[PDB]
Structure formats: structure tokens, C-alpha cells
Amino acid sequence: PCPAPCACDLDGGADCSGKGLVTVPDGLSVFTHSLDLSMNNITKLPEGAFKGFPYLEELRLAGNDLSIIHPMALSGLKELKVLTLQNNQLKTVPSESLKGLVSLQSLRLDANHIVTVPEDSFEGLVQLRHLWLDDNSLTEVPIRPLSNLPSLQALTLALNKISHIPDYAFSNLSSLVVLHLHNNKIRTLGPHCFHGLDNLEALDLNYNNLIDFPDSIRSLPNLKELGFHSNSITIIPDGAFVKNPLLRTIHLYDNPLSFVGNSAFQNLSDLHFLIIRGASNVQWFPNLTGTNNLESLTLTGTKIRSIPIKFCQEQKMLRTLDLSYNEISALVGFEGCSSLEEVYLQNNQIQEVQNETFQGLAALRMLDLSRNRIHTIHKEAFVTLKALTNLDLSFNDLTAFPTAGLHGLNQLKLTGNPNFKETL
């Protein structure tokens, strides 16, 4: 049942993987469930080389030298649910060969040289779920080929050369939950580029060339997760997220944000993770109601001097807080947000700290106060903080080191303080 080079398993899978083979091995069982041809030298495929396998559900050609594929090279697989073509030499989408894989739920064309997509690509695949186009030479989003995929739940166009996303490019994919555009060249988004996708919960625009805020996302009522980081965006309007009330996670960092509406982050009750970094010119804080449910907050690279009392009355969910690398000169009491396990205050201008500031925080393992100006610390401040394995006081102006308990902590960094008494 199993020809020499391959190996055949319990469930009817046959691994010809990594055999240095130029052609489909002959002698394989016709009851083969799965076939793995990955990592071989197969340069080309002949007519119907898979026709003798009627039951074959999964076909892995990943990582071969395959350049072109005869239109009929797969005919006999109407039961095929998954086809992995990744890491091969394809300069184009094998449109004709994909005619009549009518059962196909997974198509990986990612990591090829693909420049062009023939207009009729993916015409019959009505069952397709996952389409991987990424890591290719794609110059534009293939509107026609994607109009044939009403079942698609997930798509990656990432790591291509795309510069612009036309209006209604995704218009026919209503089942789509996940759209990945990251690491393209995109400079321009049509106002209607995202129209039609009312099920999309996840959008990746990261590592692109964007400049305006992408208000196209107003077409996305189901949006949960949004990345726009590493772009050129200069402005986050108030009204930015108004039409996306379900957002849990926003990644905005690595943009030259010169401006952020104070209220841009208002009224997001599902928002658990908010990351803002390296916004150089942005001078100030968020309004942040009705967002009380925030889990992790990162705000760094700015001018803010301080934080409101309401902050820890209203956020009872907050676990990690990264305020580092700001201009902050002062600190409110943190007792309120009881869920705090991590607080990073380092590289600010803060001068002093009191007792109750860190009072009643049970779960806090990590506190980084390092690289500040702090000239003194009250003796009873850290008495209350357990779980604490890491306290970084290093690189301040302080002349005397507090306790306790600093006893039993795994790390206490006191380095770089001008401690006059110890020098003696």
C-alpha cells in the first residue's frame, strides 16, 4: 500500500515529505486520506497526477521547487478540503487548476513569488474558509477573484506590494472575520474600502504607509481587534471609534501622532487593551469614560504631567499600566485599581512618592520607578505591597534606601542613586 520513499500512517495519511522527488510517487493507496509532498524537488506537475486519489482530503505540496502547474494536475479531488502550496516558485495564482476543488476550505498560496492573480481565480470555491495570499509580489487586491468567495472567514494579503485599497474591494465577503493587510505599502484607503464586511472582528493595517486616520473602519460594526501601528498617521480624531462600539483591542503605536482627541477613547466599554507609544508631539491625557473595563493600558512617549483620581475608582479591571517615558512630574494614589500587577513609571520627571500612593495593592509583582528625579520616598509606602518580586528604584536622586518589606523580593534595584551614607 505504501511505496518505498513514503510512510503511511493509521488514518490513511502518507508522508512523501522531504524525499527529493521530482514526481508524484506511484503505488500509493487509493484510500489515502492525506498526502504530504512537502520539501521535495518537484519542479512541475503533469495532467491529473492526483486523479487516482478520490478520497484525498488534504494535499501538502509546501516547500517544493514548483514553478507551474498544469490546469488538470488536480481533477480527481472533489473531496479535497485543504491545499497547501506555500514556499514554492509560483509567479501566478494557479487559477485553472483550482477549478473544481469544490470542497476546499483552506488554500495556502502564501510565501510564493506570485505577481499576478487571473480574474477568474477561486471561481468555484464556495466552501473556502481560509485564504492565504501573503508573502508575495501582489501589486493590488484582486477584487474579482475575491468576489467568488462568499464563505471566506479569514484572508491574508499581508507582506505584499499593495499601495491602495479601492472602494468595495472586499464587498462580497460577508462571512469574513479576519482581514490581514500588514506590511504592505498601502498609502490610500477608499472611504468605502471596507463596505460589506459586517462580520469582521479583526483588522490588521500595521507596518503600512497610512497618513489620514482610516475612518473606513466605520463600516465595521463587529470590530473587536484593530491594529494600525507603524504607520504615518498624525491625528486621532474624537469620533474615531464612535461607530465601532465593540472594540476590545487597539494598537496605535509607532505613529507620529501629533494629535489625539481627548475623547477619542471615550465610550468603549469592551476595550480591554489600549497601546499608545512614541507619540512625540501629543501633549495630553485621554478622557476615558465610558471606558472603565480597561485591562492593559500603555501610554508612552508624550508630555503628560499626571493622572486623575477617578482613574482607580472607575478602572477596577486594570492589571498592567505602562506610563513610562513621559514628562510626568507627579503621582496620585493608586490604591483604587486593585487588579494592578504591573506598573511602569520609568524615564519620567517625577520628584517624590508618599505612603498610601501604592496602598492596598495586593497583586502587584512589578514596579518600575527607575530613571526618575525622585529625591526621597516615604518609609511606609511599600509596606503594603505583596506579590512584589521586582522593585526598580535605580537611577534616581535619592540619598537613602527605604524598607520594608523589601525583604524577600527577588529583585530590588537601588543602583545609581547618590547615597552619601553608604559611600563612607
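Residue numbers run from 1 along the displayed sequence.
Of the two stretches examined, 169-177 and 345-353, the record assigns the greater average C-alpha temperature factor to 345-353.
Two stretches are in play, 79-87 and 228-236, and the higher mean C-alpha B-factor belongs to 79-87.
Looking at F194, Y325, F334, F265, the one whose CA carries the top B-factor in the deposited record is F334. When all modelled residues of the chain are sorted by CA temperature factor, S103 is found within the middle third. When the modelled residues of the chain are ordered by their C-alpha B factor, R373 lands in the middle third. Residue-level temperature factors show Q283 in the middle third of its chain, judged at the C-alpha atom. Annotation for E314: CA B-factor lies in the highest third of the chain's modelled residues. Among the modelled residues of its chain, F395 has a C-alpha B-factor that falls in the lowest third according to the deposited record.
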